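According to PDB author numbering, numbering within the sequence shown proceeds without interruption in unit steps and concludes at 180. For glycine and all other residues, C-beta sits at the position ideal for the given N, C-alpha and C. Written below as structure tokens is the structure these notes are about.
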Amino acid sequence: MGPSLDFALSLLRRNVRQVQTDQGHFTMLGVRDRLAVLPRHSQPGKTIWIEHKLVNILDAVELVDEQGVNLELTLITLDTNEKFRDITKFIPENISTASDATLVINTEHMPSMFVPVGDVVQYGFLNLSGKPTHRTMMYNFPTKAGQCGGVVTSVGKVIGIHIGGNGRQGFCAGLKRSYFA
Ligand SMILES: */C(=C/C(=O)OCC)[C@H](C[C@@H]1CCNC1=O)NC(=O)[C@@H](C)Cc1ccccc1
């Protein structure tokens, strides 16, 4: 098995979890220690279902920029026995484009699902169901419902979290490493 497949599968085994909130099914990325990230619209409450069990949420932080604009990312600290494998080093320091990215989804309905979203470009502002959102990126791929929280990955880098699409294009919240400091 080659290195790209092996990386995406190992992300799936150790960091990308199938979860459920009252809003439905999502892919969650565990980043390090007990810190994970979800799309803001998943609205995690005081507990969240993670694969086979209900896990309490100790804290949730919705990220905004310096103008107070939504970034569509909620950081949660979980009451789990496990520390996540620390993947912060694979997250770039600044919001980075990529060529030939894969979107990795892991939901009860869409388990270990690989989507060839292609090139990922800077996009910036996005009006996401009435909600202004910054620091987004775009891929020319017709992503669909159920894929939010999916992890945008390319060559050992973890660059985005899927948040929406207009039927011909898909959009992610960009990741940067300082979010998980
Ligand atoms: C992912 C979330 C989802 O499916 O929730 C229930 C519908 C979707 C992904 C897009 C759907 C169509 N194509 C896509 O790739 N994202 C959303 O539905 C966004 C619009 C969720 C949302 C809702 C309210 C405020 C901000 C974002």
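Per DSSP, the bridge partner or partners of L53: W48.
Proximity test, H108 beta-carbon vs ligand 1 heavy atom, cut-off 8 Å: Checking the Cβ of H108 against ligand 1 gives no.
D58 in three-state terms, based on DSSP: Strand.
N55 beta carbon near ligand 2 (any heavy atom closer than 8 Å): In the structure shown, ligand 2 is absent; the only ligands present are ligand 1.
Element boundaries [alpha helix (DSSP H), containing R84]: It is not in any alpha helix (DSSP H) - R84 carries neither H nor E in the DSSP assignment.
Cβ contact (3+ pairs, closer than 8 Å) linking the stretch 98-116 and the stretch 56-74: Note that the stretch 98-116 does not touch the stretch 56-74; fewer than 3 beta-carbon pairs, one per stretch, sit closer than 8 Å.
Selection from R176, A100 and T76 that minimises the alpha carbon distance to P115: Shortest Cα-Cα distance from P115 to any of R176, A100 and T76 involves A100.
Residues near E50 in its chain [Cβ-Cβ closer than 7 Å; skip 5 each side]: Excluding sequence neighbours, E50 sits near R16 and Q17.
Member of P38, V30 and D32 whose CA lies at the smallest distance from the CA of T20: Considering only alpha carbons, the answer is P38.
Closer than 8 Å: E61 CB and nearest ligand 1 heavy atom: No, ligand 1 has no heavy atom inside 8 Å of this Cβ.
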